[PDB]
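Summary of the model geometry
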Amino acid sequence: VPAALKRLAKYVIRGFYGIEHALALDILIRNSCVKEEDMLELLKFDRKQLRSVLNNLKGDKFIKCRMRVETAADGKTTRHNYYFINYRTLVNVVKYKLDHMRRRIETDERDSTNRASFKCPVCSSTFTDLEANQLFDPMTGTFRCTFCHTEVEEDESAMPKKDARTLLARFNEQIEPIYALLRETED
Amino acid sequence: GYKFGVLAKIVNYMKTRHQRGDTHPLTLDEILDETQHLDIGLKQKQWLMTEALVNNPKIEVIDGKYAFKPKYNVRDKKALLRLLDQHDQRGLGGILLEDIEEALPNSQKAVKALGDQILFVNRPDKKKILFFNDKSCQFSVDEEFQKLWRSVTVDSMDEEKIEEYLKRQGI
Amino acid sequence: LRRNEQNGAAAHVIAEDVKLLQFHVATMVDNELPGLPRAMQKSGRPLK
Amino acid sequence: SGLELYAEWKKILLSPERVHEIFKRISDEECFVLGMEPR
Ligand SMILES: [Zn+2]
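Residues numbered from 1 in each chain as written, not as in the entry; some residues may be left out. Chains lettered and ligands numbered in written order. Part of a larger assembly, values for the part shown. Heavy atoms only, no water.

- The PDB entry lists chain C under the name DNA-directed RNA polymerase subunit, from Sus scrofa.

This is the structure in structure tokens:
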């Protein structure tokens, strides 16, 4: 297990997940496979507390679990859950998770591009510049709302575009350390 | 009361006796006098002497006497930091905040002094678990980005789609 | 459910909420569901 | 079971989103075979 894999996993886990996920992952990093009961006693977490965290790790498939069945010394059946980290799925899921942001970020940019500009101040309804001309009243010579028979505003549509764009831009700037770690771990 | 009451008073008196600052080791007979249990059975005396006073994790035999293990108890910032560090290094896990506050009165002074070096995990019962903050690999993001991450679904995909998205866009 | 998702509520809570939504949707289409309570109008009259 | 589905080989809950994903992938030919007019 190259250290680059461990660094990437630790960076993404501490970057976008809580310390509970990071601590659990560090256990799976320190030891390739650890039993759920061992992780439970070590982390001192409750069953549902750890299970939900593990379910999250199961959700992103960053870790794999295998079930072992054996008979205890007293004759009772025992079913132990052995968890281990799957760097292949982890790197694949983060690559999707990150390239999905790019799709979502560009979707948000396309939204900032498509967010209708005109709007009615009475009913707080937003109208598209294509619909605004449909809603234009020649008698008044200005845009109005059919339901409210009131003036339609247009200038307030810049504020949400500007604000959201700052978040979108700052997201791309901060994500670069993980992208560098990915380029270092593509092999 | 004869069986458990006497031994319980031994523990309760000895535990409280330490809170007085008398860290010097004590004998069972001295505690029996202070607890007024001089009439405890001969077999009970030796039983407490040979088992109860040695098997407890907080009592240590020193020159034939019993002590509160001042080194084991957490009563300072350095002990708290080192214990969390060593526990994290060995993968032992966290320690409950109540274990430190009960060991060190007003542990908040030590906790606030370490600050971000202590990671606090809140249990469903509001109890806090303390963990060492190993600063080897760190990364943090804005709430908007943490919210964006939560918004992107990952579990509702098959291995085909998980890999297809990569080649679909070009990686 | 929207707020639970936006707030990132617990999976079991969200699951129960979806299970409740599933029951409401099903009951609205058909009140004659097997193994499920008849939806009353708070007065002993079953909803149509 | 009740109003929800299980898959068993060994058992999992089968969600409507996962069924939606599976169904969205079904081709026109499979719909014709299934007797469903895709349009
Ligand atoms: Zn209006």
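**Overview of a nonpolar patch on the surface**
Residue and element names in this part refer to chain C.
- Among the surface-exposed residues, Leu1, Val18, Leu21, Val25 and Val29 lie close enough to one another that they form a single nonpolar patch of about 430 Å² accessible area.
- Inspection of the secondary structure assignment puts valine 18 in helix 2 (residues 11–29).
- Residue classification places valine 18 among the partly exposed residues on the basis of a relative accessible area of 32%. (Patch = residues over 30% accessible without salt bridge, like charges linked within 9 Å, V, L, I, M, F, W, Y side chains within 5 Å. Areas by Shrake-Rupley, 256 points an atom, 1.4 Å probe, with all protein chains shown as cover. Salt bridge = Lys/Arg side-chain N within 4 Å of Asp/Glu carboxyl O. Helix = DSSP H or I, 4+ residues; strand = E, 2+ residues; numbered from the N terminus. Buried < 20%, exposed > 50% of the residue type's maximum accessible area, 1.4 Å probe, protein only.)

**Considerations on the interface of chain A and chain B**
- The partner chain B presents 37 residues to the 39 residues of chain A that form the contact.
- In this assembly, chain A packs against chain B so that about 3,800 Å² is buried in total across both faces, 66% of it on carbon and sulfur atoms.
- The shortest N-O distance in the salt bridge between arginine 123 of chain B and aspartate 46 of chain A comes to 2.9 Å.
- Taken together, the connections running from chain A to chain B amount to 10 residue pairs in polar contact. (Contact = heavy atoms within 4.5 Å. Buried area = accessible area lost by both parts, 1.4 Å probe. Polar contact = N/O pair within 3.5 Å; in protein donor to acceptor, adjacent residues only side chain to side chain.)

**Details of the sheet that holds strand 3 (residues 77–85) of chain A**
All names here are of chain A.
- Strands sit in the order 1-3-2 across an open sheet of 3 strands; the sheet is antiparallel. Edge positions in the sheet fall to strand 1 (33–35) and strand 2 (63–71), since each has one partner strand and no second. Along the sheet, successive strands turn relative to each other by an average axial angle of 30°, direction set aside.
- The sheet contact formed by strand 1 and strand 3 spans 3 bridges and is antiparallel. The residue of strand 3 that forms the bridge with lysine 35 is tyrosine 82.
- Contacts from helix 3 (residues 36–43) reach strand 1 and strand 3 within the one sheet, and its direction differs from that of strand 1 by about 75°. (Pairing = 2+ DSSP bridges. Axes fitted to C-alpha atoms, helices over the stretch in contact; angles between N-to-C directions.)

**Structural notes on the environment of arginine 88 of chain A**
- With respect to the helices and strands, the residue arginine 88 of chain A is situated in helix 5 (residues 87–114).
- Here the alpha-carbon distance between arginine 88 of chain A and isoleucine 63 of chain A, two residues 25 residues apart in the chain, equals 9.8 Å.

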